[PDB]
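One structure is given here, and the rest of the page talks about it.
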Amino acid sequence: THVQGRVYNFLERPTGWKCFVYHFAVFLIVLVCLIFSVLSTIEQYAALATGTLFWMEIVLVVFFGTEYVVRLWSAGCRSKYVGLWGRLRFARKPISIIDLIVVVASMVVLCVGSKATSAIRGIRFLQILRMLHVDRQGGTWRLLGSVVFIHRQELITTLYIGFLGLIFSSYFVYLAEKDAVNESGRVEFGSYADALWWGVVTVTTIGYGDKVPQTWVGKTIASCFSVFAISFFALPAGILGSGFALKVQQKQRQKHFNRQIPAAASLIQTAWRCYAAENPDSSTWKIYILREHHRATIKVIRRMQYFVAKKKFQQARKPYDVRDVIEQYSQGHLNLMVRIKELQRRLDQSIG
Amino acid sequence: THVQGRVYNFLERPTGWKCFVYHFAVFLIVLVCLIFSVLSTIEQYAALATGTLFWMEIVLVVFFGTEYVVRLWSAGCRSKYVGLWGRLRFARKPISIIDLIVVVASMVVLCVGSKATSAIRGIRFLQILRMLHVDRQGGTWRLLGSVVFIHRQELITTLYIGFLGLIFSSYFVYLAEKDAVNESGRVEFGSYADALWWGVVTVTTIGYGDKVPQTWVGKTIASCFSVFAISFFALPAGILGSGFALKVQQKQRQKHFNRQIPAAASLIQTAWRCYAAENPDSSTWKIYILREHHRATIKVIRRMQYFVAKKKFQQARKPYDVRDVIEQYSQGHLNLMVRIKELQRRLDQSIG
Amino acid sequence: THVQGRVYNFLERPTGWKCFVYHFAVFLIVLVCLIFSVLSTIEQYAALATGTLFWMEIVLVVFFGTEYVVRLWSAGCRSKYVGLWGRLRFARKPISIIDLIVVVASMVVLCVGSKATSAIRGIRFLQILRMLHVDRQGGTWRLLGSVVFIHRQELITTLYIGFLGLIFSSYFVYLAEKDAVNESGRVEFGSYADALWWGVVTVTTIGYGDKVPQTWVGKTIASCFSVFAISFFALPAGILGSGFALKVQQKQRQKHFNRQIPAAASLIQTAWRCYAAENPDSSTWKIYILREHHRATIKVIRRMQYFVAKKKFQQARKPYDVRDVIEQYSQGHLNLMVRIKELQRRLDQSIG
Amino acid sequence: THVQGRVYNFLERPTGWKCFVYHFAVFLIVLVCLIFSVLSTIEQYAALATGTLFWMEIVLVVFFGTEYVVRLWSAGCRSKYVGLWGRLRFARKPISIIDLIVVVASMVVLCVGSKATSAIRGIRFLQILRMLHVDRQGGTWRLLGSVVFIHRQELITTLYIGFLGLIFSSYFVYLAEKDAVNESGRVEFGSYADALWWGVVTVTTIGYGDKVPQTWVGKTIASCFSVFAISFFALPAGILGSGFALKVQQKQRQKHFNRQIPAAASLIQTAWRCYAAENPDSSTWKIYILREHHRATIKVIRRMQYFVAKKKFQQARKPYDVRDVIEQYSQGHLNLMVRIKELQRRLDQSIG
Amino acid sequence: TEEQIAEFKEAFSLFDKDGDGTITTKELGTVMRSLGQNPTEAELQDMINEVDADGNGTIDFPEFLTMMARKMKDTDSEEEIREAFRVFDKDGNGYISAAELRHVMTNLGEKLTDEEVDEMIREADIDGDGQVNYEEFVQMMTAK
Amino acid sequence: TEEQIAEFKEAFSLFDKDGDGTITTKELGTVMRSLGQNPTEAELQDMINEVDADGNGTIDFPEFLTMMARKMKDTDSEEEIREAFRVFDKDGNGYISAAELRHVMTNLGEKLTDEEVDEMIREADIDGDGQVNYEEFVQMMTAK
Amino acid sequence: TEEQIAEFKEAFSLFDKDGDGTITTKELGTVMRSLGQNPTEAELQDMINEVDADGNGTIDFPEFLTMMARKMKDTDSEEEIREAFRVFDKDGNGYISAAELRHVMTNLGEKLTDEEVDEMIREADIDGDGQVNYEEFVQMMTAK
Amino acid sequence: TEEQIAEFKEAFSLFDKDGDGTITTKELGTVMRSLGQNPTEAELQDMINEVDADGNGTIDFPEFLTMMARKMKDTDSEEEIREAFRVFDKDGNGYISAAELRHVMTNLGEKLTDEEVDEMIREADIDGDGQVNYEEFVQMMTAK
Ligand SMILES: [Ca+2]
Ligand SMILES: [Ca+2]
Ligand SMILES: [Ca+2]
Ligand SMILES: [Ca+2]
Ligand SMILES: [Ca+2]
Ligand SMILES: [Ca+2]
Ligand SMILES: [Ca+2]
Ligand SMILES: [Ca+2]
């Protein structure tokens with residue numbers, strides 16, 4: 001039972017300095033395969049590529065097929081993937097779909113191309129997808145999707161504004177110069193589509209230099225538009241950057257992992273209690289020591305306790321904030337005032 | 001009375017998954033109309049566009065006219081737009097002005113062009129404004145205007161600095177090379193306006209490559225200016241980005257919506273009380289239980305209470321900050337010290 | 001005495017909506033003068049410019065000379081500029097130096113050019129400096145200089161790194177291709193200076209397209225360098241942007257202006273007291289009611305009080321921070337514990 | 001013993017205004033040497049450079065050799081570099097390796113080139129490394145490496161995403177146009193490598209303009225890719241910028257340097273105590289006043305005290321945070337409640 | 001306004017029974033309890049510290065006049081009071097349930113009584129269940 | 001549901017022995033100690049302030065019904081309770097040691113007793129040392 | 001300076017009546033009340049904790065000398081004290097109303113008395129209502 | 001290590017005089033005062049809450065063993081203790097004044113005594129005034 005867990009932590013959850021090297025080696029192998037896919041197009045180094053890349057594709061199909069058949073077992077180690085339908089639920093994960101696709105399709109193409117043809121025409125693209133075969137847990141995509149999902153409103157606003165400005169400025173430009181001939185004998189803004197091409201080239205601060213306005217009106221429009229709008233299509237870079245920076249700033253204000261054990265234990269306890277009460281023949285009633293008109297009050301106290309425990313738990317996972325202090329002080333001052341009141345009552349009892 | 005509210009929440013305040021689809025469909029229709037406005041300029045696909053876009057303009061005029069006549073009624077649901085003058089106050093909203101303009105003007109142009117002419121020359125621009133017909137409540141523009149209004153000083157500073165540097169560097173360049181011939185037979189910086197063109201092209205990091213200095217002095221000036229000033233005209237992107245990021249950071253530190261109900265109720269109560277006191281025959285005086293020299297002190301206590309309630313309310317809408325804690329602690333310690341003092345006085349009374 | 005203050009608040013400290021318009025008008029006049037300085041270079045609209053700009057220069061010299069002679073009086077309103085040497089200390093301020101320079105130099109050039117010559121050759125640059133004549137108090141430059149002075153270390157680091165990378169990559173490029181001919185008959189990287197030109201053009205993401213490497217080694221070096229280093233020379237934009245954003249975030253956490261009056265009054269009082277004690281015949285000794293061996297302890301208590309008051313004041317100007325809370329709580333708990341201890345002592349006295 | 005410390009603070013730890021000037025002079029000398037290395041390539045100013053730079057290299061070898069021999073002594077001032085093996089451990093520091101390399105190699109090349117040859121071919125690169133001879137303590141590299149090490153995850157994510165998008169879009173482009181001829185007679189995307197060149201030129205917003213797609217499919221792909229991905233390869237600029245800004249924001253919330261002396265003294269004291277206890281014949285046992293069954297409890301109390309002191313110290317170096325307040329309040333309220341409980345017990349004793 | 005200043009001076013004299021040129025929390029609590037209100041020791045400070053612009057903790061005659069003279073009938077006050085209704089509004093259509101209004105007004109915050117509420121409603125537009133346009137309220141209570 | 005509302009009204013009446021239309025911390029502490037629980041003065045407020053959505057500090061009948069009717073068997077509750085197991089899991093393989101479970105459940109937080117724990121284990125899948133798949137627990141306790 | 005160090009040592013001896021090599025808040029409060037000042041228990045700590053650079057809570061002879069020797073007549077002190085006038089200045093023209101000055105000085109912060117204030121004004125430039133150039137004050141009180 | 005675990009169990013038994021499987025602040029304060037230390041009520045919690053990794057507030061046998069077994073002789077401990085010397089170093093040349101060391105060690109923090117300090121110095125390198133290389137200290141106290 002240890003073999004499976006070890007191999008799974010080796011293939012799926014990489015940690016240490018004896019598996020990072022293996023993954024880096026696999027990645028470098030994929031990179032070499034890509035590079036040899038590149039040279040297949042060079043007219044000079046053609047005949048060598050079509051053979052070396054073919055043999056590399058063979059060996060890589062073997063390697064990845066074996067690794068996948070294995071990872072369909074290590075993943076069988078876990079408990080949510082156990083069983084036949086379990087492993088089926090593992091091959092449903094996106095990355096597994098991708099891996100199966102790539103492996104089987106490479107096999108098919110290769111065995112169909114045995115006898116520079118459509119074989120390579122397709123392998124040139126198959127060898128590209130394997131670049132996704134490096135990140136297993138998919139932390140990168142998760143992080144990016146989350147940070148984008150938090151800032152959806154601002155990005156929508158920015159893109160809308162930029163696209164609107166692009167449309168309007170491009171049409172105005174096209175209107176200002178649809179007949180002014182280039183320095184050479186070639187009218188440039190013959191259409192509106194070419195104008196939109198120029199606009200998308202400009203607004204992103206690329207400037208290929210193929211389309212440049214001629215009439216001074218067009219130059220004025222271009223100057224104003226470049227001054228105004230480029231600070232929009234290049235803005236999302238600042239939003240996501242600052243978002244990543246702030247979210248990293250959070251990661252240094254996380255509570256000690258030990259500081260959330262009691263909350264979780266209490267949550268589990270109360271959640272079980274709220275279920276064992278539905279069975280009146282249970283033994284949980286032994287905590288209060290037959291009783292007929294007292295069942296409902298207990299049944300509701302259990303629910304209140306479950307809700308407050310869930311709140312205290314979901315609060316013990318977020319970082320330190322001002323709500324923590326502004327609630328803790330109130331709680332402590334409440335306790336202290338209650339103590340003073342009790343002492344006052346006892347002293348008035350004694351004197352009186 | 002429910003029909004109007006439902007249709008209004010359907011057209012003006014979109015929520016759910018059964019109206020987002022309708023709005024996305026309208027937007028895609030507008031996009032297809034735009035695309036067919038584009039192909040009207042292509043010399044190849046000309047005769048098809050001038051007909052398909054014409055019929056699409058007809059049907060879209062019908063659709064948007066009907067939708068507007070409806071939205072002038074759903075908006076009649078509300079209470080600040082009710083009545084004739086009310087609905088008039090609704091057609092005054094900017095977006096409504098735009099919508100009426102577009103609809104009626106499309107109708108006019110179309111019915112005037114019946115018998116590739118000025119008709120299309122104008123529709124090519126009319127079909128552009130409808131891109132504004134997607135965002136109803138105008139949240140995007142509100143957000144952007146607010147975040148710009150907070151950072152007005154910094155943006156003014158940056159733009160001023162950048163424009164000054166542009167002017168100076170462009171003039172210095174023009175001075176350094178007004179006679180050096182291009183590699184080809186065409187003097188480039190024949191004027192000062194061309195120099196400013198080059199400057200606006202450079203400072204925004206576009207670089208069309210049409211105007212490039214020749215003399216080494218000009219190259220030195222260009223190097224220094226590009227190194228120094230581009231970090232100014234591309235700076236506002238960072239300011240607004242970080243501002244959006246921080247303002248989003250605020251949205252996760254908002255007090256529970258329930259935590260501001262009592263403040264609002266107290267504000268309303270005290271504000272009414274400060275008005276019912278102006279009527280000495282009112283019944284609000286029954287809260288103190290004829291009285292001649294006591295009216296003024298009450299009339300001023302009411303004002304003090306109104307002001308403090310308004311303060312406590314306007315404070316119950318901003319997010320959690322350090323003022324909250326630094327005031328709450330003072331209040332609680334004040335209460336506690338008062339309690340201790342009362343107990344000390346009572347005990348000195350008892351012993352003495 | 002009110003005329004001078006009014007005119008000074010009108011010219012130096014603009015506020016409201018009846019002077020912003022005047023300043024905007026002056027700025028637009030300067031802009032029109034600049035624009036007519038531009039058209040002086042256009043070969044088409046030459047003879048008109050050399051006359052209209054000449055007359056505009058005359059009238060603007062008159063206007064600005066009068067305004068300066070006035071502002072040398074309104075500034076005489078204040079107390080740190082009063083008197084002859086005072087006003088002299090006002091004409092020392094940088095902006096005043098600039099204004100005098102521009103005015104007198106325009107006068108000189110104009111009266112020397114009466115009988116398209118060096119006159120205009122110099123006025124073309126004189127009309128540029130007046131763009132600095134818009135911001136009076138110099139808040140923009142102050143803000144920018146401060147925010148740069150806070151982040152000196154990071155900017156120095158970034159510029160050093162970028163310059164080093166530029167040097168190295170440019171030399172490597174020059175080494176990789178010093179003989180590969182262009183597509184046309186013109187060797188490009190004939191020197192090292194041209195290589196540095198290409199490097200400064202690339203690293204700032206401009207890309208004029210005049211110099212592009214040819215040999216694949218150069219293309220590899222260029223790809224790596226563009227991927228790595230451009231995130232350095234374009235980095236300062238992010239630093240200063242986020243700095244401005246954060247500093248604006250501070251401006252919404254400033255203590256109420258009324259919350260620093262008592263601190264200032266106490267500072268002034270104690271600072272005067274520490275001076276009136278140096279005069280033993282003074283009357284400040286009447287606060288303790290001859291005394292020979294008690295002078296020194298008082299003389300030192302005064303110094304301690306002055307220092308603590310200065311600290312409490314300099315703390316009452318910075319925004320709310322965590323030091324405020326972490327000190328206020330300690331102070332309050334100290335007071336409360338002292339009170340409890342006093343009560344305990346009194347009760348032990350009574351019982352005992 | 002003061003001479004060595006003074007010279008070391010002069011060469012290694014610069015402070016004041018009488019050594020910054022010396023370092024700036026050395027840097028300007030290195031810059032002049034670089035500039036004269038540049039002009040060695042210009043065909044016009046060739047014969048002058050090969051002599052002036054040669055003599056400057058001689059004098060600079062002398063200067064830097066002497067300065068290094070000295071700095072191998074001033075560094076002998078300190079205590080971790082003292083002795084022969086000590087100084088050897090100083091010449092191991094990277095910057096010292098660089099300095100020795102440069103000096104000795106310049107000497108070798110120069111004395112080998114005495115009788116525009118390989119001599120200059122190598123000196124042209126040797127004079128480049130000395131740009132690293134300006135920053136002694138290496139604070140810049142330390143800062144940059146740290147701030148990058150904090151944000152490793154985000155940068156890895158961004159680079160991976162950008163590289164993947166680059167690969168895919170470049171291949172799609174190459175597929176869309178591998179036969180469309182340029183406006184001139186030269187097929188552009190003859191290969192896949194040229195496509196990757198175009199992709200790396202575009203994605204970094206340079207746009208040399210040498211390779212521009214032709215077929216409308218390629219233009220669509222280019223528009224979408226430029227709109228989407230450039231916000232990734234230009235994103236790291238925002239991350240590191242905001243990180244630097246926030247880290248600078250920290251530098252204004254550091255505890256007073258005096259506020260960490262007692263913590264350090266206590267740490268040192270307890271750490272020594274935990275060592276003198278291992279020697280039962282020591283005198284530290286005199287702090288408890290033979291004892292046989294009491295050794296272990298003390299030996300463990302010492303360890304507990306050492307750990308808590310180390311915690312309190314490592315906490316007295318980080319800036320002010322919310323953990324400080326949320327712990328201080330708990331501690332103070334605990335003390336106060338204990339005091340109230342003691343008073344209650346004593347009063348119940350007295351009354352009872 | 002002479003008469004206005006003199007009347008506010010009479011009011012200040014009625015507030016400050018003690019002979020002095022200021023007002024402290026003690027005198028204000030005294031005059032409050034003189035009417036039978038039983039306030040706390042924190043709401044008094046909340047009242048005071050929002051009237052003086054010197055942080056002195058006590059009210060001087062000029063600050064008291066600045067406050068009493070502050071026209072509370074403007075656009076900012078109207079906007080704030082209008083915004084504080086929309087918390088009690090479902091669908092934001094500017095219509096509150098008369099019963100919901102009565103409940104939320106009698107039961108929360110500074111509790112009114114039956115007579116006061118019954119008077120506040122009778123002086124507004126009450127069509128049926130709901131239809132209590134609070135625009136009428138905000139306009140009747142912000143007309144000086 | 002008529003019967004549901006009437007039963008919750010009977011429960012509310014049993015809670016609020018005092019004649020009123022609300023529930024305060026005093027009545028809740030009374031009914032708690034009536035069973036022999038000996039609670040503190042802070043956990044009572046923690047219970048109360050998490051049930052009322054008005055900040056009023058007291059529970060009204062509508063808020064009490066909103067709470068009691070809140071279906072606590074959904075995906076959010078299931079996810080939270082599942083996440084709170086993985087703190088007690090080494091290697092995250094979804095297997096807890098029966099002995100480790102017994103200890104962490106009996107000794108921490110709200111302490112259960114021997115009988116309750118011995119009942120909770122006997123109603124799950126116990127193969128051997130470990131192999132206590134808590135997925136079975138989360139599915140048996142989140143099936144309504 | 002020998003005489004300076006010896007005089008400061010005599011002062012330290014006068015402060016620390018207790019036989020020791022330090023000064024605590026108790027001795028300072030004792031010597032304060034010995035003159036009839038009646039200070040609090042927090043301003044004493046505020047005095048102390050701003051003189052010692054060791055966080056020790058007590059003052060040693062070297063820290064006391066570092067403080068007493070600190071030249072408080074420099075550009076930073078002058079700038080701070082000058083800035084603390086502009087709060088009492090309308091129009092920022094560097095002119096304070098003699099009456100406004102008297103009031104703000106007698107009534108706020110550490111309250112002076114009639115004699116001290118009347119002496120402070122008589123030693124400055126008083127032209128008429130206002131015209132009290134506080135530059136003269138800041139220069140007369142920052143000349144060592 | 002069997003003998004190690006058994007000796008630590010004997011130590012735990014000596015600590016927990018009460019019959020139980022844990023240690024509370026009461027027992028630790030008792031065993032502390034049993035030696036005549038007179039600790040506070042906060043330093044006890046500071047000791048305890050830094051030894052248990054469960055937030056339970058009490059120490060169990062496994063946590064106590066995890067702590068006692070933690071090798072405090074490593075590179076992190078050596079680095080921290082070395083860094084805590086450079087606060088007492090002028091010019092950072094790694095040389096402390098023997099007199100300055102004696103003073104700062106006897107007078108601050110947990111006060112040592114004459115004998116302990118005189119022993120700590122006699123077991124190091126003392127050349128003359130200063131020259132007390134604290135590298136020798138950090139190496140003699142971090143060699144296990
Ligand atoms: Ca009074
Ligand atoms: Ca006051
Ligand atoms: Ca009740
Ligand atoms: Ca309620
Ligand atoms: Ca003493
Ligand atoms: Ca001290
Ligand atoms: Ca025990
Ligand atoms: Ca524990």
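Identifiers in the structure tokens: chain A, B, ... in order shown; residue index from 1 per chain; ligand index from 1 in order shown.
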*Write out as an MDAnalysis selection string the residues lying within 8 Å of residue 159 in chain B, counting only C-alpha atoms and excluding same-chain residues fewer than 4 positions away.*
chainID B and resid 155 163 232:233
Output file for the selection above: C-alpha atoms, as a CSV table (one decimal), in the first residue's frame:
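To be explicit, this is the file written out as out26.csv:
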chain,number,residue,atom,x,y,z
B,155,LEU,CA,-2.5,62.4,-14.0
B,163,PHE,CA,4.0,67.1,-22.9
B,232,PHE,CA,5.8,59.2,-18.2
B,233,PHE,CA,3.4,58.8,-21.1
Taking a cut-off of 12 Å and counting only C-alpha atoms, can you build a table that, for each residue of range 6-118 of chain G near range 55-76 of chain E, reports the nearest atom pair and how far apart they are in Å (one decimal), sorted by chain then residue number, as a tab-separated table?
residue	atom	partner	partner_atom	distance
G:103	CA	E:60	CA	11.8
G:104	CA	E:56	CA	11.0
G:107	CA	E:56	CA	9.2
G:108	CA	E:56	CA	7.1
G:109	CA	E:56	CA	8.2
G:110	CA	E:56	CA	11.5
G:111	CA	E:56	CA	11.9
_So, with only C-alpha atoms as the atoms that count, which of H:93, H:22, H:101, H:3 lies closest to chain F?_
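Closest to chain F, using only C-alpha atoms: H:22.
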*Name all residues at most 10 Å from range 30-47 of chain F (count only C-alpha atoms; drop same-chain ones fewer than 3 positions away) and give them as a VMD selection string.*
(chain A and resid 287 to 289 294 297 to 298 301 303 to 309 311 to 312 330 to 332 334 to 335 338 to 339) or (chain F and resid 14 to 17 24 to 27 50 to 52 57 to 58)
*Hey, list the chain D side of the contact with chain H: 6 Å cut-off, only C-alpha atoms, answer as a list in words.*
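Only these qualify: residues 78, 79, 262, 264, 265, 266 and 284 of chain D.
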*Can you check which residues of range 2-144 of chain E DSSP gives as alpha helix (DSSP H) on the backbone and send them as an MDAnalysis selection string?*
chainID E and resid 2:15 25:33 43:48 61:69 75:83 98:107 114:122 134:140
Please, could you write that set of residues out with C-alpha atoms as a PDB file, in the first residue's frame?
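Listed below is the output, part_22.pdb:
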ATOM      1  CA  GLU E   2     -28.808  90.354  15.993  1.00  0.00           C
ATOM      2  CA  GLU E   3     -31.958  88.715  17.362  1.00  0.00           C
ATOM      3  CA  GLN E   4     -30.671  85.294  16.291  1.00  0.00           C
ATOM      4  CA  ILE E   5     -27.341  85.749  18.074  1.00  0.00           C
ATOM      5  CA  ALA E   6     -29.075  87.029  21.209  1.00  0.00           C
ATOM      6  CA  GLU E   7     -31.515  84.109  21.266  1.00  0.00           C
ATOM      7  CA  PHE E   8     -28.673  81.629  20.840  1.00  0.00           C
ATOM      8  CA  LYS E   9     -26.875  83.427  23.676  1.00  0.00           C
ATOM      9  CA  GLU E  10     -29.950  82.979  25.868  1.00  0.00           C
ATOM     10  CA  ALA E  11     -29.923  79.294  24.916  1.00  0.00           C
ATOM     11  CA  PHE E  12     -26.231  79.021  25.799  1.00  0.00           C
ATOM     12  CA  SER E  13     -26.923  80.660  29.161  1.00  0.00           C
ATOM     13  CA  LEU E  14     -29.726  78.175  29.789  1.00  0.00           C
ATOM     14  CA  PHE E  15     -27.357  75.318  28.948  1.00  0.00           C
ATOM     15  CA  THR E  25     -20.279  66.873  29.456  1.00  0.00           C
ATOM     16  CA  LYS E  26     -21.373  67.231  33.086  1.00  0.00           C
ATOM     17  CA  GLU E  27     -23.639  70.221  32.449  1.00  0.00           C
ATOM     18  CA  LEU E  28     -25.095  68.589  29.342  1.00  0.00           C
ATOM     19  CA  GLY E  29     -25.844  65.359  31.181  1.00  0.00           C
ATOM     20  CA  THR E  30     -27.431  67.404  33.955  1.00  0.00           C
ATOM     21  CA  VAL E  31     -29.722  69.299  31.588  1.00  0.00           C
ATOM     22  CA  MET E  32     -30.528  66.040  29.783  1.00  0.00           C
ATOM     23  CA  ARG E  33     -31.539  64.106  32.899  1.00  0.00           C
ATOM     24  CA  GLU E  43     -23.510  59.154  23.839  1.00  0.00           C
ATOM     25  CA  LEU E  44     -22.836  62.385  25.735  1.00  0.00           C
ATOM     26  CA  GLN E  45     -19.253  62.450  24.465  1.00  0.00           C
ATOM     27  CA  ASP E  46     -20.515  61.499  21.006  1.00  0.00           C
ATOM     28  CA  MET E  47     -22.777  64.553  21.108  1.00  0.00           C
ATOM     29  CA  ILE E  48     -20.045  66.861  22.380  1.00  0.00           C
ATOM     30  CA  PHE E  61     -19.718  80.039  22.275  1.00  0.00           C
ATOM     31  CA  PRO E  62     -18.331  80.471  18.713  1.00  0.00           C
ATOM     32  CA  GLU E  63     -18.363  76.724  18.010  1.00  0.00           C
ATOM     33  CA  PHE E  64     -21.878  76.420  19.429  1.00  0.00           C
ATOM     34  CA  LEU E  65     -22.982  79.224  17.111  1.00  0.00           C
ATOM     35  CA  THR E  66     -21.240  77.665  14.107  1.00  0.00           C
ATOM     36  CA  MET E  67     -23.183  74.471  14.805  1.00  0.00           C
ATOM     37  CA  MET E  68     -26.599  75.952  15.589  1.00  0.00           C
ATOM     38  CA  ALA E  69     -26.303  78.161  12.494  1.00  0.00           C
ATOM     39  CA  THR E  75     -28.551  68.957  -0.957  1.00  0.00           C
ATOM     40  CA  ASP E  76     -26.078  66.888   1.080  1.00  0.00           C
ATOM     41  CA  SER E  77     -28.510  66.397   3.962  1.00  0.00           C
ATOM     42  CA  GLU E  78     -31.369  65.638   1.571  1.00  0.00           C
ATOM     43  CA  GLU E  79     -29.228  63.111  -0.295  1.00  0.00           C
ATOM     44  CA  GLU E  80     -28.104  61.348   2.888  1.00  0.00           C
ATOM     45  CA  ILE E  81     -31.617  61.116   4.299  1.00  0.00           C
ATOM     46  CA  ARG E  82     -32.952  59.882   0.959  1.00  0.00           C
ATOM     47  CA  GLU E  83     -30.238  57.234   0.765  1.00  0.00           C
ATOM     48  CA  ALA E  98     -46.958  51.262   5.324  1.00  0.00           C
ATOM     49  CA  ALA E  99     -46.936  48.309   7.717  1.00  0.00           C
ATOM     50  CA  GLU E 100     -43.250  47.639   7.052  1.00  0.00           C
ATOM     51  CA  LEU E 101     -42.547  51.328   7.648  1.00  0.00           C
ATOM     52  CA  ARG E 102     -44.491  51.380  10.912  1.00  0.00           C
ATOM     53  CA  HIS E 103     -42.657  48.293  12.145  1.00  0.00           C
ATOM     54  CA  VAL E 104     -39.146  49.357  11.141  1.00  0.00           C
ATOM     55  CA  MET E 105     -39.754  52.821  12.605  1.00  0.00           C
ATOM     56  CA  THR E 106     -41.301  51.753  15.917  1.00  0.00           C
ATOM     57  CA  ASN E 107     -39.044  48.776  16.640  1.00  0.00           C
ATOM     58  CA  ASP E 114     -47.600  55.005  18.578  1.00  0.00           C
ATOM     59  CA  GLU E 115     -48.712  58.640  18.507  1.00  0.00           C
ATOM     60  CA  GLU E 116     -45.631  60.000  16.741  1.00  0.00           C
ATOM     61  CA  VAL E 117     -45.677  57.327  14.035  1.00  0.00           C
ATOM     62  CA  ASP E 118     -49.437  57.597  13.532  1.00  0.00           C
ATOM     63  CA  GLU E 119     -48.857  61.325  13.032  1.00  0.00           C
ATOM     64  CA  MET E 120     -45.978  60.869  10.588  1.00  0.00           C
ATOM     65  CA  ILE E 121     -48.040  58.612   8.321  1.00  0.00           C
ATOM     66  CA  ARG E 122     -51.206  60.733   8.375  1.00  0.00           C
ATOM     67  CA  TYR E 134     -40.890  58.478   0.522  1.00  0.00           C
ATOM     68  CA  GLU E 135     -39.994  61.239  -1.930  1.00  0.00           C
ATOM     69  CA  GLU E 136     -42.915  63.072  -0.327  1.00  0.00           C
ATOM     70  CA  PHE E 137     -41.323  62.533   3.085  1.00  0.00           C
ATOM     71  CA  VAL E 138     -37.869  63.708   2.026  1.00  0.00           C
ATOM     72  CA  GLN E 139     -39.406  66.791   0.409  1.00  0.00           C
ATOM     73  CA  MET E 140     -41.657  67.662   3.355  1.00  0.00           C
TER      74      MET E 140
END
